[PDB]
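Residue numbers (PDB author numbering), protein chains in the order written: chain t, 1 to 215; chain T, 1 to 215; chain n, 1 to 191; chain N, 1 to 191; chain O, 1 to 220; chain P, 2 to 205; chain Q, 1 to 199; chain q, 1 to 199; chain r, 1 to 201; chain s, 1 to 213.
All C-beta atoms, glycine included, are put in the ideal place defined by N, C-alpha and C.
Structure follows, in structure tokens:
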């Protein structure tokens, strides 16, 4: 993709004790016009891993299609063997690299979250194929804005509980609602555990404007 | 002005027996957005000549100011002498040429119509200083569209009456409403005779759409 | 230019201006901007003209062939998928503002939108065209959940009226389309 | 960004969002986008910020000095003429969306508009700002000639509400200004 | 470079980080970014260093001149008007990202100046390259009418987050507090980063370098 | 770059009670050298030198201009100049050409005129001063001299180890550098005397 | 384009330019002179954009003659060199820069002989031997191979003979005749014009 | 840049190229040979991009030798000229064009001697005398004053001597040695190597 | 970058420096530029490391193929021809390569010069590189055909010393190879500063 | 528009000993003016006697690592033996030239043992040359690190300083000092240090922290 038409915005994900929470909003802005204000930007992959992305929404639909077909195929193998989330991460990295090697990149910014076999997993995939693991990921302007809250609390406390993690995600999305121009007060939280994968509904934020009464 | 912000559109003018009729519409479009749909694009100069213009409306306000001041000054001379319309045409041509010599052009397209001492006058002023006389003038796309109707009837009949001229102007403005993208169904007709200068109200057109019931 | 599709309980309602322009000159004063594909499914287009015409013809080809081979009436989401595949695989050269609507026996009336990129979404109402932003300004003001047919016709009538009135590219004459289970009822308003 | 001015019988009513942005980052969340010049005359700005701030300060200078020398309250059309001259003289470097409104003893409430070019016009209502196209879509739909003060407040509230809801640059909080013969009444609303 | 400003219940607490990079190499570990203006008004700069320096020295000279001509304490709004008029007079050629703060008779007043000439009065601002992290900490943990130690801890936290994010400073975050009566200025506030001790003595010796031509020149 | 037109490297290093300044000797156009005796360290009064690096035109011009203003100052006022005063003068001289900038990076190293206090600072091509405590460098090669001096510096240095430390730093950073070489001159000054030594550097 | 050589001795300076005034295809003039006698013991050479060469000769030559007629005596070579450098550095930062490549050859009663070296960016140099051009490359390897600071003038003439004979061996341009000067305790003495039949 | 004359006689062809293989500053090789004996009575010269010269020489030379071994006899000069022109016209409109400047010198039993003239745009010519480079410019005028269709070969050698003596007078490049061939009823006879001492 | 080559009565002398910079930054001081193709061939490195290394390695491969198929050692001109033919197929694509080919032949001495511009030429003296002109100067001072052995050694060594003394992009160890009738022999690898002390006086 | 490269930065060091090859690298991965992580080791353990470090563009580093591992397994599953060090160096040079006209933007250092059991550091360039040197510093901090190693490993520019063979723990304190001293001035260096030591008995690793900015 040379020119991204319909972009999303920042995606937040962080591990906790035996699970990964991912939250991204539901906005499909074109240029500055928030044209598609009710879209889904997280795919709930089969039972362990879970995907969220940024960049071109059409490319996300495309990779949604391809990953869905591959997951359906392994589940129809009937062998009792699944994809680890790290295997999905490797495949996606190779896919993005082979996209940009042919000078036709997929304009995305993807976050892979998974919990399989006791261990959580949270992987990152860039457009250029830059890919790594991290205890807390933040895309787009989130790496500029909501990343230091994650890096503050994880330095202050390396492990978490589910409630503290979810609350921290809520606070970061509030902050992104405050000062991202491409943002919207409607977001959805998605969560993986060993109990399965769960997508919560379109939550919102609670804002403050008491600094506006000053001059 | 290097980049015209708020442009007008085409101006039509034609002599007749002892008078000149000029009609232009009332639209102030910015780009494609018709932002100022009720504006005046004809200055009624003192008692004989009369001005209509196209292009940037702000420059038209500027020349309105300067010409108004010059006419006020000669009328405050109290000598009984006025500007002939041809003198105004000459002055405006020299003004535009000295404007464009400094590489800062006035983005306009001006038409000067006047009736003095038995003889009608209809002058043209370009942005580049190109200036001439004509029995019928047409600016912008009017020189592409309504020019051959004027030149058709003037070849078939070199003189006109006031009613025939006004009807022909009405038909040409109907045609310009049909196929100019920068056009609007609201125009005002201005007319000079020896009886003075008269600005008629915001007339409209009567359109046809019976070709639409075909496929 | 400005195209619009609104669904209701029974079916969907479409609408467009005409005014095919080239630059600042109008090349064509009256245009079938909306196009039949199947007997129950329409699409209305924007952007470039030749691109959308050729794509719509190929979609008509593939969709007619597939729906004859099924020996069943086609889905709407299927045609949306066809436009999605042809738009996304060969983007880069096209400028398509394709909006798919149409009644279905299984799923009722549906409206899909395919903008210039190639994403596909189902909507309850849609805008499209360069002069669609303004009525996109108030279509989220005037909309009420659960309209009738006449409320949709009056709604889109006021919409395309104001869009044609304000935008320079929009204008011309009003074409409407009402698609339901019963039949296809098209009409042309003027003045 | 999105600025608005509506007159009524007694006086005029203004309005703006706040949200001063730079690119995609918000530099400032709350802003006095409308500016006092005289005790009865406001202006609300758009385009670049520094341009409008310096122009408004110089207009405040010239108008205050002139109105002290007249020993009479100034006109609104005078201040509009001052903005016209200063905008037009440096149209090459400024980006001003200055809208002048204000009550006057001789002429009541008036609204003048000066866009980026440098032309000057008297209007009954005005839009302004990059996210103003949408409520410019329906400001010719909802407007009724001869409103009251409360109808103008509700009107501009709905206007700036929908503009702030839809445009990305617009948003924040609603600031209002009511100018009449009696006084100037400003308040900060949200909804 | 991450400067910040805030307004507590009485005055203004300013902070800074003092890594003056020239391109990609750390060129300085201690660069005073908190500049003098007046006995009550201070200023911080960002972006082009020498432009901010020359401009802030010129405006401080002019306000010293005006204040000594008047005979009372200066006003912050006069500094704001001079700065915005100067930066607009240079048409945005001079890049000077400024934070202006002082306490007048009316009280504390904080201004941020963007280098074209657009200015804002705010209860809290962040400027610089890593300003986003400090603005994150501000938008998370600001409340109106903070106390003294609360505001100092908050500003320290913000600049600390800017330092744990990229292009902060090695430096020991500088602070400055302006009240109605008491002006303070604290360079070595908190040193989080001790340098690691050297592991070998890589000291040269008295003669390990060949000398071609010596000279001795006595003095007084 | 334009700074890499004629090469150049200036190092200044602060010792315990004394200060050492050194520079390279090579002069030439982009790849063709010309001479090995081009002077870049100038005396500005007693026990205080200045070094100039970059384009040689601005080097000689700013050195003569600074000598002009320096003698006018020292004749209007009988005392000799303090180093902060010289720093402010060089900053003002460079900032007068704000948009017509000279291409130089002046380095000032001198002692106190009243006490024996050393002083180092450096400026940019528009007049940004920077006072430090360990060392300042300028010229084309930067990262080399930063790595060497951050490797070898100690706070309290006798002048011999000061001389050898700055010697090894200049030699190694010059041998890694391409466009700046062909000998090193070293000025090691103190309250009592002024020493100038030239090292046997590689002529390659 | 070409090069004029400038060999310095113990008590003499051996300068030698060419005589070529070609224009881009043809050699219009084969006895051109680039040698500008400033004073009784000060020479100057110039190569560059050939509209600037003449204007430098007018300005420098006549302003030095103005100093000589004003005060009572001849300049040092050092002050003359610095004055040329100053006028380059002043004429550079304008709308009208000069693009010339000079070198200066003087003789003092006290300093003895002196050789300088300009550039089109106004750089002074106190050189043992200077260079410009492509002959810069060739003549400086050969000359830097065979140099002695205490060299007699006939050894320098023989070295220059050899250097020109190795210039006519792998050079693309023509350069048929070189004129040669010398400066001594007396003044400017012109030696014979040095050409070679090549093959 | 460089030079090759193509004088046609009544019953002979006088070709003469140079021996220069310089690269952009220095003259790397002063005994270069651009003369490509195609057959017993057909010569070929080449000037252009010096990586293309050799590859064209390979192609043409070996395909003509291949023709000679195939059919049993020597080509006409005319068919060889047309074949070269044809291969330029095919090689131009591709991703790999050739930028060479040829001329062909042959001898027929029936047509006698023959001179052709290429260009980097594949143009045939049946010329009385041709040239290339900038000495082309000077020398065809010099040659065009003093031409006779019935000219003897020693007059042509003397004429070429005069033309070279006027080439070494106002030209910017060096060109020290020229090699000279001749074509007769016998074949390709190499004349003596023609250089000049200038001064 | 400065390389040279010249053949004479007793075989061929090839010398080179060992400095390979990167812009304004010196990478190494001991870059062995004279690529030993065979026990009877020596190739050089003239502009670009990877291109010279790759194409000369491929040429060594090809020459070994030729010998193992014909049981008869390849000539020098044939090797230069193969190198020029392999280089010509990427003309304009941005290869910088100005190497030299040296070796002993059935004809005896062989000295060619192959460019990425495809300027395959014979000759007697050559010098490639940024400071090659300096080597041309001092070499065409000291050149003859009837030279001795130690004279040619001193000629090449003095040449590389003057070249690296004037040019900035040259330095490091001075390699020195000598091509004989039977095979090539490395003479010495001498540092610049040692030569500066020896030859400065 | 789309630019195909981006600068991730990084610093890789190598020291060739008498019987050891030490390769160390920080684990900071950044981009522009941000930090992506503080754990991304540039080192990779190929065989029992080979450690490779890869800096520059990160995706090409990962891709190149995986391709090298594949060809290692191909050589093993074809020829019943592991590769040497120089064979791997030659193979990497063939790869880097095999994408000549769309290059990898990757600096590479392979350390390891030769067949004699001695240390060997093979440096590289983005286009595919290599050479057996004793020490290299690749990446952003190359110029901050080469002259100090020239002073200490090479014993250059010194007088009357004899040559002691570099022992192990001397090399360790050297590596620690150069990463601390370079982390003082670099912006692309810090947050950890992964030190790989190749002996005649395997590969050792060691984790040393740094300053957190």
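Interface residues of chain O facing residue 142 of chain s [CB-CB closer than 8 angstroms]: Against residue 142 of chain s, chain O offers no close residue; the least beta-carbon distance is about 13 angstroms (beta-carbon pairs closer than 8 angstroms).
Segments assigned beta strand (DSSP E), at least 3 residues, entirely inside the stretch 51 to 123 of chain s: For the stretch 51 to 123 of chain s, whole beta strand (DSSP E) runs of length 3 or above, ordered along the chain, are 106 to 113.
Proximity winner among s:83, s:61, s:212, relative to residue 128 of chain t (alpha-carbon distances): Selected option, being the one with the closest Cα: s:61.
Helix, strand or coil at residue 22 of chain Q according to DSSP, with G and I counted as helix: In the three-state scheme derived from DSSP, where H, G and I count as helix and E and B as strand, residue 22 of chain Q is classed as coil.
Short Cβ contact (7 angstroms threshold) for residue 130 of chain q with residue 103 of chain q: Against a cut-off of 7 angstroms, the Cβ pair of residue 103 of chain q and residue 130 of chain q comes out as a contact.
Terminal residues of the alpha helix (DSSP H) in which residue 68 of chain T lies: Per DSSP, residue 68 of chain T belongs to the alpha helix (DSSP H) from 57 to 77.
Sheet register partners of residue 45 of chain q (DSSP bridge): Bridge partners of residue 45 of chain q: q:103.
Amino acids of chain P, ordered along the chain, whose beta-carbon sits closer than 8 angstroms to that of residue 231 of chain O: What is shown of chain O runs 1 to 220, which leaves residue 231 of chain O out entirely.
Residue 108 of chain T - containing beta strand (DSSP E), residue span: Counting along the chain, the beta strand (DSSP E) containing residue 108 of chain T begins and ends at 108 to 116.
DSSP beta-bridge partners of residue 14 of chain t: t:21, t:136, per the DSSP bridge assignment.
Inside the stretch 70 to 123 of chain Q only - alpha helix (DSSP H) runs reaching at least 4 residues: You should have 77 to 92.
C-beta contact flag for residue 159 of chain N and residue 135 of chain N at 7 angstroms: Contact: yes.
CB contact check: residue 131 of chain q to chain r, cutoff 7 angstroms: Residue 131 of chain q does not count as touching chain r.
Partner residues on chain q for residue 91 of chain r, Cβ-Cβ distance less than 7 angstroms: Neighbours of residue 91 of chain r on chain q, chain order: 51.
Short Cβ contact (7 angstroms threshold) for residue 50 of chain q with residue 89 of chain q: Going by C-beta atoms, residue 50 of chain q is not nearer than 7 angstroms to residue 89 of chain q.
Ranges of the alpha helix (DSSP H) found wholly within the stretch 119 to 153 of chain r, counting only runs of at least 4: Taken in chain order, the unbroken stretches of alpha helix (DSSP H) that lie wholly in the stretch 119 to 153 of chain r and span 4 residues or more are 132 to 142.
Alpha-carbon to alpha-carbon, residue 117 of chain Q and residue 127 of chain Q: Rounded to whole angstroms, the separation of the alpha carbons of residue 117 of chain Q and residue 127 of chain Q is 7 angstroms.
Extent of the continuous beta strand (DSSP E) to which residue 42 of chain r belongs: It spans 41 to 43 - the beta strand (DSSP E) in which residue 42 of chain r sits, taken as one unbroken run.
Neighbour flag for residue 177 of chain t against chain O, beta carbons, 7 angstroms: For residue 177 of chain t, the answer is no, since every Cβ of chain O falls outside 7 angstroms of its Cβ.
According to DSSP, residues forming a beta bridge with residue 30 of chain t: t:33, per the DSSP bridge assignment.
Short CB-CB distance (under 7 angstroms) between residue 62 of chain Q and chain C: Absent from the structure: chain C. Protein chains present are t, T, n, N, O, P, Q, q, r and s.
Backbone secondary structure at residue 117 of chain P - three-state DSSP: Correct three-state label for residue 117 of chain P: coil.
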